[PDB]
Amino acid sequence: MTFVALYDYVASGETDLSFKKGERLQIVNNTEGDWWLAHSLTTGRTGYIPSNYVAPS
């Protein structure tokens, strides 16, 4: 499922994914939690993102 970033996000660790507002991100894993594993359709990188920064697209 594809979500779209509502805000910019700047990563702070090894495992999260930076992204820009409007970037489209594929869900890799959102089975549970506030942090989701996502895959960017702009960069192709995969990492954890804050779920409250994205909405379905």
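**Student:** So what's going on with the pairing of strand β4 (residues 46-50)? Which residues, and what values?
**Tutor:** Note: strand β3 (residues 35-40) against β4, five bridges, orientation antiparallel. Looking at the pairing, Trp35 lines up with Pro50 of β4. Counting the residues that bridge the hairpin from β3 to β4 gives five residues, and of these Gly44 lies at a positive phi of roughly 65°.

**Student:** An account of the sheet that holds strand β5 (residues 54-56) is needed here, citing residue identities and associated values.
**Tutor:** Judged by pairing direction, the sheet is antiparallel, and its five strands sit side by side in the order β4-β3-β2-β1-β5 without closing on themselves. Both outer strands of the open sheet, β4 and β5, are each paired with one neighbouring strand and no more. Within this sheet the neighbouring strands show an average axis-to-axis angle of 50°, counted without direction.

**Student:** Any details on the nonpolar core? Residues and values, ideally.
**Tutor:** Listed in full, the 11 residues of the largest apolar core are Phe3, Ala5, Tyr9, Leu17, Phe19, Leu25, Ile27, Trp36, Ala38, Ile49 and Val54. Looking at this core, the elements that each hand over two or more residues are β1 (2-5), β2 (24-29) and β3. Discounting residues that sit within four places of it in the chain, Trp36 has contacts with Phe3, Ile27, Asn29, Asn30, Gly47, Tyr48, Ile49, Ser51 and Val54.

**Student:** Account for the pairing of β2, with residues named and values stated.
**Tutor:** The two faces of the sheet receive side chains in turn, since in a regular strand these alternate between them. Where β1 and β2 come together, three bridges link them in antiparallel fashion. By the bridge assignment for β2, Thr2 is matched with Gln26. Across four bridges, the pairing between β2 and β3 is antiparallel. The partner of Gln26 across the bridge, within β3, is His39. In this antiparallel pair of consecutive strands, β2 and β3, the connection spans five residues, and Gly33 shows a positive phi of 120°.

Definitions and cut-offs
Residues numbered from 1 in each chain as written, not as in the entry; some residues may be left out. Heavy atoms only, no water. Residues with missing side-chain atoms left out of burial classes, pairs and counts. Pairing = 2+ DSSP bridges. Helix = DSSP H or I, 4+ residues; strand = E, 2+ residues; numbered from the N terminus. Axes fitted to C-alpha atoms, helices over the stretch in contact; angles between N-to-C directions. Core = buried A, V, L, I, M, F, W, Y, C linked by side-chain atoms within 4.5 Å. Buried < 20%, exposed > 50% of the residue type's maximum accessible area, 1.4 Å probe, protein only. Contact = heavy atoms within 4.5 Å.

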